[PDB]
Structures are given as C-alpha cells and as structure tokens.
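Only one chain is included here, represented as structure tokens and corresponding to the form deposited in one PDB entry.
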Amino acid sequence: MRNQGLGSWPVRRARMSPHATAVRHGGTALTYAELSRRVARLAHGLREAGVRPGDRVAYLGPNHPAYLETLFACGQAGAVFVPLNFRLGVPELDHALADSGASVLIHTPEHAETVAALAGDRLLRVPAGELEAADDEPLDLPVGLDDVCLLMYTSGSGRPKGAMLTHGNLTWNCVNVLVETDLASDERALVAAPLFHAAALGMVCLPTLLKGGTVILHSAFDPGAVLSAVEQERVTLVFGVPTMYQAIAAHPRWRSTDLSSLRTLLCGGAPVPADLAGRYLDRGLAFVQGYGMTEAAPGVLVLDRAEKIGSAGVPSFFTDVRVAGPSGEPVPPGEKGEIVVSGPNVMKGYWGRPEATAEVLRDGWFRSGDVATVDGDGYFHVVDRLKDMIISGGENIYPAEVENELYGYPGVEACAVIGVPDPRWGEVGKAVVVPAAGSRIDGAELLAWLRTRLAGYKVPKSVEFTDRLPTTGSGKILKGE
C-alpha cells in the first residue's frame, strides 16, 4: 500500500472488521466497510473538485461523521485537513483560511450564513455531502509518515499558528495511547469534546477506530444527554476536561444513571480537584489524567489510577520529557524549569512560520511554555504558563499558585492574578475576581486572608471586582485589569 497515512486507515480497518460499527451520530450508524466506501466517494469528489497532493481542505462543523469523512478523504487524496474552530467569528475564520491557504471549505448547514460571509476568493465553499462522487474505489496515492496530515491552529493567546501534525505524529500518538491505556475491540467511546482539538481526536477517536471500536459523536456537550448515552449505549471510554466531568456529576440524573459500563475516563486540561475525584470514586470511577498540547498530537505525560495529587505524571512510552533551564541545560533536582518534549508525536512545525518554529522547536525538542518540577520518582508537576510569570522585586510570582489559594475564599466564582507596573518593584500582582451568587466579598478581608496563605512578595497589592472575566484569557484581563 502506497498510502502510509490516515487516508489508508478506513481501508486497513475494513479488511479486519468490515461489519463492526465504526461511528454513531443521532440516527446514523456506519460500519467500517461503509465508512471506507464513503471516504473513497469523498476522496474522488475532492479530486474532481480540483484537490491535488498538498492542497488544504477545511471543515467547519461540529463533531459529525462529516468531520471523519473529510479527515480520511483528505489523506486519501494526499491533501492536508484543516479542522476549523467552529466558534470563531468571520474575521478569525478568514485569518485561518488565508494562513492555511485552504482551497476547499466543507461545512454543515448551521454555518451556511457564516460561510456566505467569508472572503470566498479562490475558496470552494460547499455543504457536507455535495462533493461525494458515486465511485467508491479507494485511491492509493504515495503518502509518507513525515507528510503533513492536518493543521491545528493554536489559541494565539499573537496570530494563531498552524501546528503541522504529520501522519506519523498522529499515528505514534495512537501507539502511545494503546501502550499506556487498555482499549479493546469492543470499546464504545463517547466524543462530547471537540474533534477540532487534538485531545478528543488523538486520545479517544483515532485510537478507538484503530482498535475497531465504536466512536459515538455528540455535536454538543450536554451533561444530561452524556449520562443517558453512558447507560443506553453502554459507553466504555470518555474524554473530558474537569469542567465537563463537573457538569456531568452536578446533573440531577447523576445519582440514578447506570455508570457500570465505564472502563476508562480520560481527563485532559487542569488537574482534577480532590472533591470531583471523590464524587467519581464514590461510583467506582477514577480518572486517567493526561498532560499534553497540540504540538505533541497531543499526548506527553500520563498519571494513571496509581497516588500523587497535583502531579501531571510520567512520559508516554515513545516520548522523552525533561524540565530544562532557559539554555536547555537540565535543572537541579526539584528546581523549576520549562517542560521540553521530544518524540515521533512532536509536530513538524508551524505552517509557514519557520522563525516562530525555531524559537520553540530545535533538535526535535518542543518548548511547552510550561514551568514545572520533577520529583525523585520522575513525576512532573506543572507550576504555570511561563508567559504569565510576574517579576516583582528580583523574585518570580506564578499567578496560578496565587489563583489556587484565591479559589479557597468564599464567594470567588472566577479569579485571575496579573502583573501591573510598580515604580519600586518593576511589577506587583493585582487580583481580579468575579463574586458568586449574592456574596458580600470585602477586598481588604480577601487580601488579608490571602496574606496568611502565601509568602509576602506573592500577595497581590490590590483586588478589583467584575461580573465577567474574559473566559480564562489572561492578556485580555491585562487590558481591562
């Protein structure tokens, strides 16, 4: 087979488990054999529409069979997939479309208005299901593991950058998942987080398809519908961030839902609060906590069900991970440095941004931008984002640490800690708080309370109260203050 990349996967899996259910979405159920024929019809229709090796095909829609059909069809046509963040407005989509140079954009009907409004210069804008030809013979173009499979845009928390994830990057991430996690051929995986992020695509969706399991797609995250799905569909495998597992566990149906089907709860993003882990441990459930990033496709560190709270855990098998000083020199036992990541999961680079790439990727080592320590057992602890650091006097403040304490204080729904100019100290901290449902929060009391919990130099000098904190976007906060 000439196609070594994801384009070939539907063909390889249809030889093994043709009649197993690959994909469920509302009414839809696709076997591996039907997924492969659908992919081949879409690959033919991409080619007939002018798609040639290396061209970019964007997808704007939710979790949906079309997402996967477009991913695999792109690979089979030798093209690069671009999964757009479906919540962006028109100028941000225009920016991702111009940066990627996508020549085709496929969209679901709910996006028809947005899509009409885009700079449609040299872009084929087309509803999902229209390009499909009648020809279902799979193409076998030459595709190597070092060929780009997709462009995944960073937050740009500067302009968003297209992470170039190779066929190899995503393949070896799946290998890491398979080595460190117990998936079987009968897996039933609920994908209620967005496939346009590496976490749901790389940690749950692709590994389940590789294993010949069933991917259950929810277009939207609804804690009620997730609980119903777990017990009606017998879900074995779920991915979320703690906010999702929190909303699931807060829903009134939590108490009476049959959760006995669940084998594996993968948790990405923030670490799990000990209250949430307690609520889940009450029903025989424990989290597999993963750490990683888009540029690692995305798996880097795994903390399995065996007991160090706060820890991000240990390297995935094929990955190498270190805490490095600012010049790459590894740092003294227990001292803070930056997590750096190497391995066959680590991106080729940022699409058409070679200089920005070289600031963060050299000798196959990727600079995470995370400050961390490693203990004597090789367990990693993420302190904060390096860019959020505040230098007050000669000393480093890490907002996340100050923020962690602030969430102890009654009636703090949301908070962020930023640096502000100080004549005397270069920078000092300021806390910025959203108070909860009807709580008399006194700033003097809160600041006093914080002072009893932290070294002096880490205590913000002021607090300001708002009703709205720009999602969790520090830098936007640095404007409003």
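For clarity, a rigid core is taken as the largest C-alpha set superposing within 1.5 Å between two forms. Note that residue numbering begins at 1 and tracks the sequence as displayed.
Keep in mind the form deposited in another entry is missing from the figure; the text below concerns it.
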Item checked: Of the candidates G426, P53, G26, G50, the only Cα that travels 2 Å or more between the shown form and the other one, given a rigid-core fit -> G426
Note to self: For a quick test of reading the superposition: does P142 move by 2 Å or more at the CA between the shown form and the other one, rigid core aligned?
What the structure shows: no
Margin query: Superposing on the rigid core, I want to see if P10 changes position between the shown form and the other one - specifically a Cα shift of 2 Å or more.
Written below: no
Notebook entry, point to check: Aligning on the rigid core, do we see the C-alpha of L450 shift 2 angstroms or more between the shown form and the other one?
Noted result: yes
